[PDB]
């Protein structure tokens, strides 16, 4: 199955000199959740900005549906119609004045009619449970509500792929759980999610596949199960496993947990293993 989205040999340097993306290759299978995991400054965001056509690379190419993307204004429209992007700071993509008006913007830019735009806005607001916010002035929104207005704004265009830059940033637990539910729903309607984060916990909750990122390079890539337990490989991008598995592997080091089996992934499963411990 050709990837619905792919990077081949991507190289990008700022007009400073340093290379943000370094001979990068990545494939996004259709329908799955892909975390781009890695520390601050690894150029994960720079990679997202390529994948929706905002940035041109020095070398390499972005493949859409198996076809090399172009740069006609007609070409670039379908690239944005099909690959959506949500920046970290929602205020960088709301120019707004009200929530409804802000979400209307995308549809109108796709050559859609008002009636079609107005319908797209309703679908979007519904899909993100902010329909009652339809007329709230955008500056009078919480941080979380602003991230939900920004996603509603992207999904009003109907992308196949939604790119999310650090989507949980700044959120409390409750806020994280609501967003996770809404994201999972979008994955459920067959939307492909690619998100970048330095939070292994976000990757743990939302990702099917994981790509370890460091200094403009994909360092490793595999099933979320495989990557998030690789204590050794995570160590090289300055990360640790999700807290449950890390403590479970802390239990394994001291021999409390047998090896070659059953790493606890949920917290309660980890508590369940404490019953075997005794003391010395």
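Numbering follows the first chain given and starts at 1.
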property: Stretch with the greater mean C-alpha B-factor as recorded in the entry, comparing 250-258 against 39-47; result: 250-258
property: Per the entry, higher mean C-alpha B factor between 66-74 and 24-32; result: 66-74
property: Selection from 224, 245, 238, 220 [criterion: highest C-alpha temperature factor in the record]; result: 245
property: Residue 5 by Cα B-factor - lowest, middle or highest third of the modelled chain; result: lowest
property: Assigned third (lowest, middle, highest) for the C-alpha B factor of residue 140; result: highest
property: Position of residue 81 among the chain's modelled residues by C-alpha B-factor, lowest, middle or highest third; result: highest
property: Residue 215 CA temperature factor, ranked by third within the chain; result: highest
property: For residue 58, the third of its chain into which the C-alpha B factor falls; result: highest
